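Heads up, the thing below is written out as structure tokens.
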Amino acid sequence: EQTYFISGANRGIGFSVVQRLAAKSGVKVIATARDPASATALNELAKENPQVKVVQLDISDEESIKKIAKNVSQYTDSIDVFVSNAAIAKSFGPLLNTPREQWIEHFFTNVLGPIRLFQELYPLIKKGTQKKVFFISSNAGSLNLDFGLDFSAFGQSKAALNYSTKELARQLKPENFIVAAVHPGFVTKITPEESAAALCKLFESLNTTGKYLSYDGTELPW
Amino acid sequence: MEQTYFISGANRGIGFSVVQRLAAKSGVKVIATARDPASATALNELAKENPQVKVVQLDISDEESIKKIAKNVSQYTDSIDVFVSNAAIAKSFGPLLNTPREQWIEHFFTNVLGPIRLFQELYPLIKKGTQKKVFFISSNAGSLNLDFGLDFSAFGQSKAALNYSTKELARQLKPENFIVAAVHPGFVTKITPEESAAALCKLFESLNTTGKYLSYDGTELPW
Ligand SMILES: NC(=O)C1=CN([C@@H]2O[C@H](COP(=O)(O)OP(=O)(O)OC[C@H]3O[C@@H](n4cnc5c(N)ncnc54)[C@H](OP(=O)(O)O)[C@@H]3O)[C@@H](O)[C@H]2O)C=CC1
Ligand SMILES: NC(=O)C1=CN([C@@H]2O[C@H](COP(=O)(O)OP(=O)(O)OC[C@H]3O[C@@H](n4cnc5c(N)ncnc54)[C@H](OP(=O)(O)O)[C@@H]3O)[C@@H](O)[C@H]2O)C=CC1
């Protein structure tokens, strides 16, 4: 039996991942929402598949992160596969036109949030069997891709977390952790369904650390 | 053909050495900043002997200080030819699990937001100058593609984050004929601040291409 943890499971790719894991036998899922009482789809997911555990997490909120280990510990002794999915993408375009609040929000939500979350949940991952750690990144976060778009605070935040993900992969290799940054795809666009199926395949199959992977299993340049 | 340079963090280190270097060049006005000018002994003595050097207050962690830098710099000049974001911190190294919340925050505000805000406020002054050059003092530690077998924690992340945004800015301002660079000033191979400042000042003067990540010696670094 394996415990997966998924932040931001109330809608989008996160809901799609939880819905697919729920179908796989011997999988417990800790699923988070900012507001689990409004998370209508996820609550019915969990009611029909009670191996899905619905927990409060706001990744912008240090008081919420300071509770996540307790909240997860209610349902499990360990985490096999940790997935930092919950994130924002509110600010694009030129730097001269990106205000202070946009830079601050993407940093706290998209960089600090996931680092604090991983810090809080490391003890539980440590005790699990798979020791897999996924941060949902974006190809927009590469220092070495040109989309003909500016990504402002969004891109900056994905590049920032990518830098720390790379370091974390190095730091935990001695502990046999598998650490990855994964672009979930453009969800040519793709459905949350497709993104999620590809994401679950990669989560199960990935056997080496320090990779930056697109959903299809191919590598991206940091 | 008089030029104006702006150097943040000129009270000590590389920044002091850059201002000292520029102070020796004929036709070069230097706006030099310190968080606490009253205690900037060496920079004040330089400025007392060399009236081309203007000392102004700036705390790049402090939005209230940033909201004032443009009007304060404008008392001393109508334009900036060469903008150098040098002031920065480096206090957070080693593993992610040992780096507390406050270190990630401080490096973001001082090393990412500060320089971005400082550039936002000084852009009109720079647009009005001739050279239109914009330097961010980065680190080779900020590269997503260099391995030094060291952890750089929040310091490294802050330099990578500012690098990402520097690369974007170079694209955005290419049509306005700006030159934008991230520059590694060296390990201050061990070099002195004065050695770094001599190399940096040659590079500021000579660089005629935008979007480069460079070392002090003018060689390129991978993003
Ligand atoms: N979709 C795409 O094409 C691309 C997206 N990505 C990555 O994909 C992920 C998006 O996943 P998906 O669920 O489909 O996205 P959605 O846009 O559908 O929604 C974002 C998710 O994050 C949650 N969330 C937002 N802010 C917070 C917060 N402060 N605290 C807690 N939860 C929060 C949302 O919950 P709530 O409903 O409460 O807001 C929701 O679950 C991101 O990690 C992003 O980096 C990367 C590249 C492109
Ligand atoms: N030294 C090296 O080997 C390397 C240096 N660098 C970069 O080179 C640049 C210069 O480094 P170095 O001279 O050694 O730095 P120092 O540590 O010697 O000093 C940094 C400078 O920034 C100022 N400063 C710090 N915080 C603030 C703030 N909140 N507001 C305004 N000014 C501030 C300091 O003023 P105060 O006296 O008030 O603290 C000082 O003038 C930095 O951007 C640094 O990151 C990068 C990698 C290698």
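As a basis for the values below, the full set of heavy atoms in this structure was taken, side chains included, without hydrogen atoms, waters or symmetry mates. Chain A is the first sequence line, chain B the second, and so forth, proteins listed ahead of strands; every chain is numbered from 1.
To the nearest 0.5 Å, atom CD of residue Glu120(A) and atom NZ of residue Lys70(A) are 8.0 Å apart. Rounding to the nearest 0.5 angstrom, the gap separating the CD atom in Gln156(A) from the OG1 atom in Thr166(B) is 9.0 Å. Note that NE2 of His107(B) and CG of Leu162(B) are 13.0 Å apart. Values are rounded to the nearest 0.5 Å. Here NE2 of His183(A) is found 4.5 Å from OG of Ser214(A). Values are rounded to the nearest 0.5 Å. With rounding to the nearest 0.5 angstrom, the CD1 atom of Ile89(B) is 4.0 Å from the OG1 atom of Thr110(B). Taking CZ from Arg101(B) and OG1 from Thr99(B), the interatomic distance works out to 14.0 Å, rounded to the nearest 0.5 Å.
Between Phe187(B) and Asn140(B) there is no side-chain heavy-atom pair separated by less than 4.5 Å. Side-chain contact between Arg20(A) and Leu199(A) is absent, with no heavy atoms from C-beta onward closer than 4.5 Å. Between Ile80(B) and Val73(B) there is a side-chain heavy-atom pair separated by less than 4.5 Å. Looking only at side-chain heavy atoms (C-beta outward), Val18(B) and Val84(B) stay at 4.5 Å or farther from each other. A 4.5 Å side-chain heavy-atom check between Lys173(A) and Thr209(A) finds at least one atom pair inside the cut-off. You'll find the side chain of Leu149(A) stays beyond 4.5 Å of the side chain of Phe92(A), heavy atoms only.
Listed here is the closest heavy atom pair of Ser158(B) and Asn111(B): OG-ND2, 3.0 Å. What you find for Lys159(B) and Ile137(B) is that their closest heavy atoms are NZ-O, 2.8 Å. Shown here for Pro192(A) and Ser16(A), the closest heavy-atom pair between the two residues is CB-OG, 3.2 Å. Nearest heavy-atom pair across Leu203(B) and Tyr216(B) is CB-O, 4.4 Å. The shortest non-hydrogen separation linking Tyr212(A) to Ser137(A) is CE1-OG, 3.9 Å. Across all non-hydrogen atoms, the minimal contact from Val19(B) to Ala10(B) is CG2-CB, 3.5 Å.
A donor atom on one side chain and an acceptor atom on the other are found under 3.5 Å apart for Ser61(B) and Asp59(B). Inspection of the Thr218(A) and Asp216(A) side chains reveals an N or O donor paired with an N or O acceptor under 3.5 Å. Residues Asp35(A) and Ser38(A) bring a donor and an acceptor atom of their side chains to less than 3.5 Å of each other.
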request  = Applying side-chain contact (heavy atoms from CB on, under 4.5 Å), run through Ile66(B) and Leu58(B) and close with a yes or a no.
outcome  = CA-CA 7 Å; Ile66(B) 292 168; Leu58(B) 176 66; 4.2 Å; yes

message = What verdict does the side-chain hydrogen bond (donor to acceptor under 3.5 Å, both in side chains) test give for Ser65(B) and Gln57(B), after you've listed the backbone C-alpha separation in whole Å, the side-chain angles of each residue and the deciding distance to 0.1 Å?
response = CA-CA 8 Å; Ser65(B) 187; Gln57(B) 195 278 335; 3.0 Å; yes

ask   = Could you walk me through whether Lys24(A) and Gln2(A) pass the side-chain contact (heavy atoms from CB on, under 4.5 Å) check?
value = CA-CA 10 Å; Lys24(A) 301 193 331 185; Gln2(A) 283 185 8; 5.6 Å; no

Salt bridge (charged side-chain N to carboxylate O under 4.0 Å, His left out) evaluation trace for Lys127(A) with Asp77(A) = CA-CA 7 Å; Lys127(A) 279 166 71 81; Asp77(A) 298 346; over 6 Å; no

key: Verdict with supporting geometry, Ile68(A) and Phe5(A), side-chain contact (heavy atoms from CB on, under 4.5 Å)   = CA-CA 11 Å; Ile68(A) 193 60; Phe5(A) 174 95; 4.1 Å; yes

request  = May I have the step-by-step check of salt bridge (charged side-chain N to carboxylate O under 4.0 Å, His left out) for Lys91(B) and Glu106(B), ending in yes or no?
outcome  = CA-CA 9 Å; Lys91(B) 313 174 168 173; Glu106(B) 195 189 351; 2.8 Å; yes

side-chain contact (heavy atoms from CB on, under 4.5 Å) between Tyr75(A) and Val55(A), worked out = CA-CA 10 Å; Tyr75(A) 297 111; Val55(A) 160; 3.8 Å; yes

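Remark: aromatic rings of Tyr5(B) and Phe135(B) are distant, center separation not under 6.0 Å.
Note on ring orientation: taking the six-membered ring where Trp is involved, the planes of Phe118(A) and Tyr122(A) are tilted (angle from 30° to 60°). The aromatic rings of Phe135(A) and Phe82(A) sit perpendicular to each other, their planes meeting at more than 60°, with 30° as the lower class boundary.
A cation-pi arrangement is not found for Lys166(A) relative to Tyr163(A), the charged atom failing to lie both closer than 6.0 Å to the ring centre and inside a 45° cone about the ring normal.
A salt bridge is absent between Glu64(B) and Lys67(B); no separation between the charged side-chain nitrogens and carboxylate oxygens falls under 4.0 Å. Using a 4.0 Å cut-off between charged nitrogen and carboxylate oxygen, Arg116(A) and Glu62(A) count as a salt-bridge pair.
Listed by chain and residue number, nothing satisfies the ring-ring contact (aromatic ring centres under 6.0 Å, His included) test with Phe15(A) (two or more places apart in sequence, or in another chain). Taking the side-chain hydrogen bond (donor to acceptor under 3.5 Å, both in side chains) definition, one finds that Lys201(A) meets it with nothing, sequence neighbours left out.
Atom CD of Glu101(A) has more than 12 neighbouring heavy atoms from other residues, nucleotides or ligands inside a 6.0 Å radius. In the displayed structure, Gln74(A) atom CD is contacted under 6.0 Å by at most 12 heavy atoms of other residues, nucleotides or ligands.
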